[PDB]
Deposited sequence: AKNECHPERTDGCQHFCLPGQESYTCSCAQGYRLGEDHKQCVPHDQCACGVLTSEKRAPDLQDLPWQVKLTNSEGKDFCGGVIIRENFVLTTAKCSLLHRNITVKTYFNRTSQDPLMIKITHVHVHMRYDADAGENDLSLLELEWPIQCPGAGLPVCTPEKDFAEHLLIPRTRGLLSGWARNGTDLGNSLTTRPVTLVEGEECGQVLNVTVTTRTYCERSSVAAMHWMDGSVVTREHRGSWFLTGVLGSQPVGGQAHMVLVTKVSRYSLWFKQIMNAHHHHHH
């Protein structure tokens, strides 16, 4: 009846306790199996699937042709990036190299949704969702990364599994990262870590990555988004990274992306 985080024999993706049993549920575009535990890819845009650059990574490009930020696909017709990024230029174009060299796919952004509680001064809720004029053709043109439900992310992914911080060189480059608790990280970065941000230890400075880069974590054959990289303290030269805690924005994603 309880969801066992210690074990591997329960749900593949998300779990929900109660009664004298537990109801499993799946990530975006996955069917719940006949055994009521496994999640099988159903739709064409089954999230977080890799193979053997990254299906969900995209660059943000301006009218002059200059790339300025990174972003990650989270739905068929939606890219997530920081608010700062989305407000730098009036006309932004998303582009991706996935399954293309000198011929990247360009897609115009029809609408920009800055978080309703974004505050530039404090730097709180620094995200925006960009609606694409035309949907991505899954899986060939691209794929969205999975967005995890809150408890799953904060008890199964982040504290237990090693992560990957991937993005574009500030001036695709991927490195492993691991969790550091707020008390320590605050003192290293000389800031106060909020409940909607958290820290990753990195073997390289934060300025290595562009704003809009992301931290991801694999789980039972699927990649989940756990962090977005935005404004870094102390110049972004510290070997810790402050990322936005994506697990806290699940309701906002639904409210916006379901129209």
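Missing from the model, relative to the deposited sequence, are the stretches 1-2, 55-62, 111, 183-189, 278-283.
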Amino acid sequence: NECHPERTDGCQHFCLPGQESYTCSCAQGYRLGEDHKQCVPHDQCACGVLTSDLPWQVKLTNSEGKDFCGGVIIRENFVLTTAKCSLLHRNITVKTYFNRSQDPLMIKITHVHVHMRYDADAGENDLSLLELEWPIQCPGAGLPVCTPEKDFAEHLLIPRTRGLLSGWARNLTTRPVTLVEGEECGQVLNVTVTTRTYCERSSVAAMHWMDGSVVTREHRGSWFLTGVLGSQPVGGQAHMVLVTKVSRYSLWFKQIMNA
From here on, numbers count along this sequence of modelled residues.
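Of the two stretches examined, 245-253 and 18-26, the record assigns the greater average C-alpha temperature factor to 18-26. The deposited model assigns a higher average Cα B-factor to 35-43 than to the other stretch when 195-203 and 35-43 are compared. Across the options 111, 117, 84, 100, the residue with the most elevated CA B-factor in the record is 100. Per the deposited record, the Cα B-factor of residue 137 falls in the highest third when ranked against the other modelled residues of its chain.
Per the PDB record, residue ranking by Cα B-factor puts residue 227 in the lowest third of the chain.
Among all modelled residues in this chain, the alpha-carbon of residue 51 has a temperature factor (C-alpha) in the highest third.
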